[PDB]
Structures are given as C-alpha cells and as structure tokens.
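So the structure is just underneath, and the comments pick up after that.
Position 1 is the first residue of the sequence; numbering continues from there. All ligand and atom numbering here is 1-based and tracks the order in the structure.
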Amino acid sequence: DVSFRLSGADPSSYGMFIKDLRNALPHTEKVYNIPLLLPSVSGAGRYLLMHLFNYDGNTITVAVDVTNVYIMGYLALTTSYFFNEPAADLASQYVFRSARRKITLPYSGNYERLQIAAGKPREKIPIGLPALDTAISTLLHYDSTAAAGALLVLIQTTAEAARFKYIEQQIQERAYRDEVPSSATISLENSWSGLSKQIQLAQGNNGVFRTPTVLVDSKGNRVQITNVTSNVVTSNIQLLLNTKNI
Ligand SMILES: C[n+]1cn([C@@H]2O[C@H](COP(=O)(O)OP(=O)(O)OP(=O)(O)O)[C@@H](O)[C@H]2O)c2nc(N)[nH]c(=O)c21
Ligand SMILES: *[C@@H]1O[C@H](CO)[C@@H](O[C@@H]2O[C@H](CO)[C@@H](O)[C@H](O)[C@H]2NC(C)=O)[C@H](O)[C@H]1NC(C)=O
C-alpha cells in the first residue's frame, strides 16, 4: 500500500507520497527511460490501496488500477463506493470485501461526466493539498454531488501528479493555498494517453511521433510535440499507459 497524511504535510512529504505511488506501479520494461505500465494483471494484484488521512487524521482507502492509474473506488469507514462502470464493478470483486455496504456512485470515472455531476469543469476547481484535505472530508460521508468535485481533486492530486512531474510540482506549489490547475496541467492530463501511445510508436520510428501531440506549455503557450527529445518526454512524463490498453 501507500499512505499520505495531510497532517504535518509539506512539499517534501507529498513528494515522498507521489514517489511511493509511482514505485508501487509495476513494470517490466522502460521505453525511452519511462516505465511502461503493464498490459494487465490478474486478481487482486491489479489494485493498489492508497491510505489518505486528512488534517484531523480521518482516513479513506482509494483502490487504484495499477495498469492505468485509474481510481476505481474507495472505502470510507464501513462503506465502499465505486464508480458506475464495468471496470469498477470488477474491482469491487477484489477490494473492500469487508465493507458493510457497497454504494455505486451515480457516474463513471471520466472527467466529462464528473464535471457534469459536480457542476463546474476542472478549470474552475482549485486543487492543492488543502483541497485534498477537503476532498477526503467530503468522501467520508456520502454526497454524490460533493463527491464528484472531491474526486476531481483526488484524481488530479494523486494519479495525475504520479503521471507527470510538472503536475506533481504544481501541487507542491499549492501545499498551503489552493489554486485552479494551470492550462498546462489540464493539457497534460488530457494528453497522457496520446503521449503514452506516441512514445511507444516512436520506438521504431527513430524517436519520431507518428502523430504530433499539441500541448500547452508552462508559460501558457501552445507547443507541438513531435519527438522523444522533447522535455515533456525527457523530464516530465513518468509512466506510460500500455498501447494494449489504447
Ligand atoms: C477511460 N478512463 C480514464 N480514466 C482516468 O480517470 C480520469 C478521468 O477520465 P477521462 O477518461 O476523462 O480521462 P482523460 O480524458 O484525461 O483520458 P486519458 O488521457 O486517456 O487518461 C483520468 O485520470 C483518466 O486517466 C478513468 N478512470 C476510471 N475510474 N474509469 C475509466 O473508465 C477511466
Ligand atoms: C524534435 O525535437 C525537438 C522538440 O523539442 C525539435 O527541436 C525544435 O525544432 C524546431 C526547428 O527544427 C525549433 O523551432 C524548436 O523550437 C526546436 N526546439 C528545441 C527545444 O530544440 C525538433 O525540430 C523536432 N524535430 C522533428 C523532426 O521531429
């Protein structure tokens, strides 16, 4: 498992958590020096448990699919909660067996749907370590509308920071003040699968993407990523979604 405590949290211990989370995702191979997530994993080995504690020290456990870093659901005291999607239903066979009841959220895990349930797109939802404290607090008691927003916080501050060093750094910047995600943050999250695919296809195209990926950069400007020498590939991206799952 991996754990993260908001109590006493600073950029450094959040950095330790994101490293532990990355280290808990298995791989047999690196492609341009980036771990390649597995095509699949059978049984309960497929899910990582992240124990998250808010400032007060109350806790949820979040089940994460180790092949794609998708959050599947979570446990809050004696109740499990899963996304309304077949992968999550499948996960519910293996994790949080002991929960007194299992609630299916009234939405799937994707950003479009979640932004609809929450009432705001991501661009307008502040993230940060305080927002992550809020989200834990929210998930501890069922409220599907609130939960959508809390899940949008939780996905970005865990999975998305695991995937990209830049996003991890953005969150370290808001260790004590939330702020809506930068344009680059949103662009990177939206491009992970596209990027993961092009990096893998470059492997026999001399490092050249077959299709250039458009991103917004750290300065807010619209770049074209055409090859693996780009700093998005050399510095930023930390995990690749296997093309077998694309
Ligand atoms: C298709 N899918 C993607 N995700 C992740 O859940 C979050 C929101 O879902 P998404 O499908 O909106 O992600 P996005 O458009 O960023 O796609 P990506 O570039 O391919 O990742 C993101 O972190 C996704 O990586 C998903 N998470 C869950 N629980 N279930 C899913 O089916 C699912
Ligand atoms: C591949 O990698 C780098 C992207 O980082 C490209 O280098 C850029 O190339 C053009 C001129 O070729 C410049 O306008 C960019 O600003 C360069 N950037 C940097 C950081 O060096 C390179 O051109 C790409 N080439 C191909 C053929 O894919």
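Against a heavy-atom cut-off of under 4.0 Å, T229 is close to the following atoms of ligand 2: 1 (C), 2 (O), 3 (C). Near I155, meaning under 4.0 Å from one of its heavy atoms, ligand 1 places the atoms 7 (C), 23 (O). Near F83, the atoms of ligand 1 lying under 4.0 angstrom from a non-hydrogen atom of the residue are 29 (N). Those atoms of ligand 1 with a heavy atom of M72 less than 4.0 angstrom away are 29 (N). Remark: ligand 1 atoms within the under-4.0 Å shell around heavy atoms of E85 are 28 (C), 29 (N), 30 (N), 31 (C), 32 (O). The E189 neighbourhood of ligand 1 comprises atoms 16 (O), 19 (O), with distances under 4.0 Å to a heavy atom of that residue. Near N190, with a cut-off below 4.0 Å to any heavy atom, the atoms of ligand 1 are 19 (O). Of all the atoms in ligand 1, the ones that sit under 4.0 Å from a non-hydrogen atom of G109 are 6 (O), 7 (C), 8 (C), 9 (O), 27 (N), 28 (C), 29 (N).
Among all heavy-atom pairs drawn from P126 and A131, the shortest one is O-CB, 3.7 Å.
Of the protein's heavy atoms, at least one falls inside 4.0 Å of atom 2 (O) of ligand 2. Atom 15 (C) of ligand 2 is not flagged as protein-proximal [any protein heavy atom, distance under 4.0 Å]. Distances from atom 28 (O) of ligand 2 to the protein include at least one heavy-atom value under 4.0 Å. Of the protein's heavy atoms, at least one falls inside 4.0 Å of atom 5 (O) of ligand 2. Contact annotation for atom 22 (C) of ligand 2: protein present (non-hydrogen atoms, distance under 4.0 Å). Within 4.0 Å of atom 17 (O) of ligand 1, not a single protein heavy atom is present.
Between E160 and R163 there is a salt bridge, since a side-chain N of the basic residue sits under 4.0 Å from a carboxylate O of the acidic one.
Rounded to the nearest 0.5 angstrom, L77 CG and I60 CD1 are separated by 12.5 Å. Taking CZ of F17 as the start and CG of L6 as the end, the distance is 9.5 Å to the nearest 0.5 Å. The CG atom of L139 sits 10.5 Å away from the OG1 atom of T134 when rounded to the nearest 0.5 Å. Atom-to-atom distance recorded for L188:CG and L195:CG is 7.5 Å, nearest 0.5 angstrom. Taking CG of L114 as the start and CG of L152 as the end, the distance is 4.5 Å to the nearest 0.5 Å.
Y70 CG, 3.4 Å is the protein heavy atom nearest to atom 27 (N) of ligand 1. Scanning the protein for heavy atoms near atom 26 (C) of ligand 2, the closest one is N227 ND2, 3.2 Å. Here the heavy atom of the protein found nearest to atom 21 (O) of ligand 1 is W192 CE3, 3.9 Å. For atom 10 (P) of ligand 1, the nearest protein heavy atom (residue, atom name, distance) is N110 CB, 3.5 Å. For atom 29 (N) of ligand 1, the closest non-hydrogen atom on the protein side is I71 O, 2.6 Å.
Heavy atoms of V69 found under 4.0 angstrom from ligand 1: none, in either backbone or side chain. Heavy atoms from both the backbone and the side chain of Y111 come within less than 4.0 Å of ligand 1.
Here the side chain of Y14 pairs a donor or acceptor atom with the backbone of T157 at under 3.5 angstrom. Within the 3.5 Å criterion, the main-chain N or O of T185 finds a donor-acceptor partner in the side chain of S182. No donor-acceptor pair under 3.5 Å is formed between the side chain of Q203 and the backbone N or O of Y32. Side-chain N or O atoms of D56 include none that pairs as donor or acceptor with a backbone N or O of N58 at under 3.5 Å.
Of the candidates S191, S193, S108, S193 brings a heavy atom nearest to atom 20 (O) of ligand 1. In this comparison of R163, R113, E160, the heavy atom closest to atom 25 (O) of ligand 1 sits on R163.
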Before giving the answer on side chain to side chain contact (heavy atoms under 4.5 Å, CB included), spell out for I71 and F83 the whole-Å C-alpha distance, their side-chain angles and the decisive distance to 0.1 Å.
CA-CA 8 Å; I71 282 60; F83 282 127; 4.0 Å; yes
Could you go step by step and tell me if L129 and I171 meet the side chain to side chain contact (heavy atoms under 4.5 Å, CB included) rule?
CA-CA 7 Å; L129 297 185; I171 300 320; 3.9 Å; yes
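Residues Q156 and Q170 fail the side-chain proximity criterion, which asks for heavy atoms closer than 4.5 Å.
Among the atoms of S230, none of the N or O lies under 3.5 angstrom from an N or O of ligand 2.
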